[PDB]
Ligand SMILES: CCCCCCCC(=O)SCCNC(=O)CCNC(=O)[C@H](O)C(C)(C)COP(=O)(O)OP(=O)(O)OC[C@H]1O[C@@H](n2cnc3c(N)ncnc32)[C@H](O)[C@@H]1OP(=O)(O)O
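Next up: a single chain in structure tokens, the form deposited without octanoyl-coenzyme A.
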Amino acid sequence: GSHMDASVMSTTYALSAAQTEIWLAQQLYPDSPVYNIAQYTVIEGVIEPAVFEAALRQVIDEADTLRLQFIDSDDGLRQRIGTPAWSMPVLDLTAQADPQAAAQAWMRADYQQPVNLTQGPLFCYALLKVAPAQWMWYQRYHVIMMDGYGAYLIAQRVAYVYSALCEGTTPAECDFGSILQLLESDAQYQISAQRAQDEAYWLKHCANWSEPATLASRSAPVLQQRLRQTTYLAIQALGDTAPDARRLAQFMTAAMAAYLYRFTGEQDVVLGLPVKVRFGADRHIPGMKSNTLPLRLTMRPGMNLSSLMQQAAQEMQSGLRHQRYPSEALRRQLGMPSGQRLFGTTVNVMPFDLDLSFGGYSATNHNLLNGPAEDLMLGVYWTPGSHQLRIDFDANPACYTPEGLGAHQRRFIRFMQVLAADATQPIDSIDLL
């Protein structure tokens, strides 16, 4: 009856532009798990599951993106705070012949399965005991309601809450506001004069687009979870180039743009970069996304790392006023054709939690899936004070082979260290492999 139709619309918010394209893609591929994001946290100590589950229940209240329900309507998928029921599996794998390999297999069995958006919860939390004092906390979400930075903040908050509960103290109140504040702010932005100003800016900025520079063999839709190659690199290998995350993002974007130029001849290289890089304990609402926007770097004679990092800073400063305009909206307003993107390669710098601790026991976070890889994505994990960077090259399996991606990864890693060693040397003057 009409009362039920009216109630679904009045109690919900629309999807964002970015969520809309996720939902449309998931609808086209209903059995595909490519929209999952997942990580695990290794705890070097004893975990008490009942206390851990109490900490999870607390964070499920605090990070209310974890309670959003999605409902179909005549006007597309709608979202509101729902009431999912959930449980936390506990698996003791210590009697398996290889508990670590068994834990990886258990996690893979979950993250390779699709979720139905209209049947929540859209998260999974599980505890896997791998050794007497080694636990893995598995965390999986759907990208429509989470990103990797939000997953990082949730892991940090659960660690803090669990630690307070273990000690018998009351956790201090969280610093997250509510996902509803994001939804209300975005609803207002959609009808604002600012959005019209941002549209004009990005339409002008993207004039004369063409196919993005890519190492891909072809362009293809994302039908399968990423092919990944990971490198670990000492921060000292980058010299003075990366004192903080902002500078590291500028360096990696410059280095990849230069590498794409050397491999394609494209002198006007467009990458995807969030206009600002987020870090921990900074009042961010889990589930609120970064808008990845085009970043153009121009290769001209004598171009060097110094000048490219300068262009990257100029691009980011110029886009700051306009940083809310959805990449997804822009890609359509430009009138671009079937499956064509604004950029092939994205760079995502993410924090590393130096102090992560559960009940006094040290822990570390490890990404399993970071969402779909349309072409190529670099995921970089680091925070000042950490002596090592983890760099994930995540690629559409239809566009690269493992060999081919590994060859590009080791060459790029070599190339970036040559750049960091002499920021004045012309890009054209660097030997490649």
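Here, rigid core means the biggest group of C-alpha atoms that superpose within 1.5 Å across both forms. Heads up: residue numbers just count along the shown sequence, starting at 1.
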property: Missing coords for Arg78 in a third or more of other PDB entries; result: no
property: Missing-residue flag, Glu167, threshold a third of other entries; result: no
property: Higher-scoring stretch by recorded Cα B factor average, 144-152 or 310-318; result: 310-318
property: Per the entry, higher mean C-alpha B factor between 377-385 and 401-409; result: 401-409
property: Highest-ranked of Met252, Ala85, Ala193, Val158 once sorted by CA temperature factor in the record; result: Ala193
property: Identity of residue with top Cα B-factor, from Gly272, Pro212, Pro99, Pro114; result: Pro212
property: Third of the chain's Cα B-factor distribution that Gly168 belongs to, per the entry; result: middle
property: Position of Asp355 among the chain's modelled residues by C-alpha B-factor, lowest, middle or highest third; result: highest
property: Chain thirds of CA B-factor: placement of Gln340; result: highest
property: Position of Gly177 among the chain's modelled residues by C-alpha B-factor, lowest, middle or highest third; result: middle
property: Third of the chain, ranked by Cα B-factor, where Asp74 sits; result: highest
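One more form of this protein, solved in complex with octanoyl-coenzyme A, exists but is not displayed; see below.
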| query | finding |
| --- | --- |
| octanoyl-coenzyme A overlaid from its position in the deposited complex: site open or blocked at 2.4 Å backbone/C-beta | blocked |
| Per-stretch contact check against octanoyl-coenzyme A in the deposited complex, the hit in 270-278, 180-188, 203-211, 70-78 (non-hydrogen atom, 4.5 angstroms) | 270-278 |
| Touches octanoyl-coenzyme A in the deposited complex: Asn348 (any heavy atom, 4.5 Å) | yes |
| Exercise: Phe176 in contact with octanoyl-coenzyme A in the deposited complex, heavy atom 4.5 Å | no |
| Contact test in the deposited complex: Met299 vs octanoyl-coenzyme A, heavy atoms, 4.5 Å | no |
| Exercise: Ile37 in contact with octanoyl-coenzyme A in the deposited complex, heavy atom 4.5 Å | yes |
| Triple contact flag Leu24, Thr65 and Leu117 to octanoyl-coenzyme A in the deposited complex, non-hydrogen atom at 4.5 angstroms | no |
| Contact assignment for octanoyl-coenzyme A in the deposited complex, among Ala103, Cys166, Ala249, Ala216, heavy atom within 4.5 Å | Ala249 |
| Residue (of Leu342, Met316, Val130, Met309) lying close to octanoyl-coenzyme A in the deposited complex, criterion heavy atoms within 4.5 Å | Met316 |
| Contacts with octanoyl-coenzyme A in the deposited complex - residues in 357-379 whose heavy atoms fall within 4.5 Å | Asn367, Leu369, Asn370 |
| Entry of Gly272, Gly359, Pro212, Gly280 that shows, once the rigid core is matched between the shown form and the other one, a C-alpha shift of 2 Å or more | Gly280 |
| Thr12 C-alpha relocation of at least 2 Å between the shown form and the other one, rigid core basis | yes |
| Sense of CA distance change between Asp355 and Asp394 in the deposited complex, threshold 3 Å | closer |
| Change in CA distance between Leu354 and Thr230 in the deposited complex, which is 3 Å or more, as closer or farther | closer |
